[PDB]
Amino acid sequence: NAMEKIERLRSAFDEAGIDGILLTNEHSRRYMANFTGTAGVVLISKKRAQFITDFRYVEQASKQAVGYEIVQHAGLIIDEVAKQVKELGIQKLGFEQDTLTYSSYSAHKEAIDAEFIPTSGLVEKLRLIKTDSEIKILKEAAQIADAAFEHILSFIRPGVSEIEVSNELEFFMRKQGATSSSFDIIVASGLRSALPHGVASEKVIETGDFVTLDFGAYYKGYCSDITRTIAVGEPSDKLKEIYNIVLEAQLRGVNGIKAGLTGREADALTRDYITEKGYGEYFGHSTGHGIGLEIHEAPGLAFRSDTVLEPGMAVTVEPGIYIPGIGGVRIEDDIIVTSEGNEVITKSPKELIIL
Ligand SMILES: [Ca+2]
């Protein structure tokens, strides 16, 4: 079945206008070759498949990169790639333009005899649909994030700082087996709760604060991503008002997302309600995006998206309202798209919790 991914990638070649592909992106390398290491490249023709790397990694590669010829280069990877392009008969070699640096582009082009053709999206098409094994891991990563939410509720009080909360979330997910958090944790309290991207700061949490907690677990190479907004003591009617709207919009999203909607449709489940209630101006981001090896990947549940959702897509549903000078709320779940609806894999409570 590393066999089968290679076969499915090869099926894309003619459309892309290539007879081979050079994969340099770490996520593509990990995805196609199950290589967890730091170095090396994958070179795949219509007929052969190679993992090229340095002396250090040869043992690891030979064990993980099952389905690949393990090729060891004697110092200069580009020179080895060029050697193998000629051995594989490749005449029109694809590369990943959205990762490959201009420098490495020039170096490769000079060295290699074939046409060197920019490509985008090839391994991404394969990663879009999660296998059952990937689903199991993502469920585990969500479980660890849920455990940390339940944990952190006994930690947040007035006088603790936002970074302190971020540090305890990081500590607890690791204790439960996460490699680490899956992105720079957001703990955004009081007026900062109006900042959708409010990475934890030195600010001290005070009574009356809404606190948005946006974090996830990086577990066996996969990412979860949960957001919950709690209150520390009694929140304002206006903050309560916004919370209720976000919650309701979010449930409409989870309840209505299914295979066959476009990204625009999926986003409209949440944005229709927030807009109807008069806060469209204040929902300045999309309803969500894909998650897997990366914290943000295809598809986009966004008003511009025409992408049709299919089973096995893993995505976030995360509407919010942000009013500068007042505060904000976001509530985010992770789901797996199914034929009929979806599966919510983040199960922490979404009701307003006052601490
Ligand atoms: Ca998020």
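This chain uses plain numbering: 1 for the first residue, then up along the sequence. The figures here come from the full heavy-atom set of this structure, side chains too, leaving out hydrogens, waters and symmetry mates.
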Got a salt bridge between [X] and [Y], using NZ or NE/NH1/NH2 to carboxylate O under 4.0 Å?
| X | Y | answer |
| --- | --- | --- |
| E87 | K83 | no |
| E248 | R252 | yes |
| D214 | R330 | yes |
| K203 | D209 | yes |
| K277 | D272 | no |

Less than 4.5 Å apart, any side-chain heavy atom of [X] and any of [Y]?
| X | Y | result |
| --- | --- | --- |
| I90 | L43 | yes |
| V317 | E332 | no |
| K139 | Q143 | no |
| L100 | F116 | yes |
| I321 | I245 | yes |
| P319 | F283 | yes |

- Heavy-atom pair of closest approach, residues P311 and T338: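 Nearest heavy atoms, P311 then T338: CG-C, 4.0 Å.
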- Does the cation-pi check pass for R271 over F303, that is, NZ or CZ under 6.0 Å from the six-membered ring centre and within 45° of its axis?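 Here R271 fails the 6.0 Å and 45° test against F303.
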- Any side-chain donor near an acceptor of the partner, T212 and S193, under 3.5 Å: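 Side chains of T212 and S193: no pair found under 3.5 Å.
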Pairs flagged by salt bridge (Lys or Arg N to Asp or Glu O under 4.0 Å) wherever [range] is involved - sequence neighbours left out:
| range | value |
| --- | --- |
| residues 43-55 | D14-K46, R48-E69, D54-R56 |
| residues 232-247 | none |
| residues 284-304 | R127-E294, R127-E297, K130-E297 |

Any idea how [X] and [Y] line up, ring-wise: parallel (<30°), tilted (30 to 60°), or perpendicular (>60°)?
| X | Y | value |
| --- | --- | --- |
| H285 | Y322 | tilted |
| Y243 | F210 | perpendicular |
| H296 | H289 | parallel |

- Check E26, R30, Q60 against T36 for a side-chain hydrogen bond (donor to acceptor under 3.5 Å, both in side chains) and give me the one that passes.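 When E26, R30, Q60 are each tested with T36, the side-chain hydrogen bond (donor to acceptor under 3.5 Å, both in side chains) holds only for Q60.
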- Message: Do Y68 and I52 land in one hydrophobic cluster if side-chain heavy atoms of ILVMFWY residues count as linked below 4.5 Å?
- Response: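 Different clusters.
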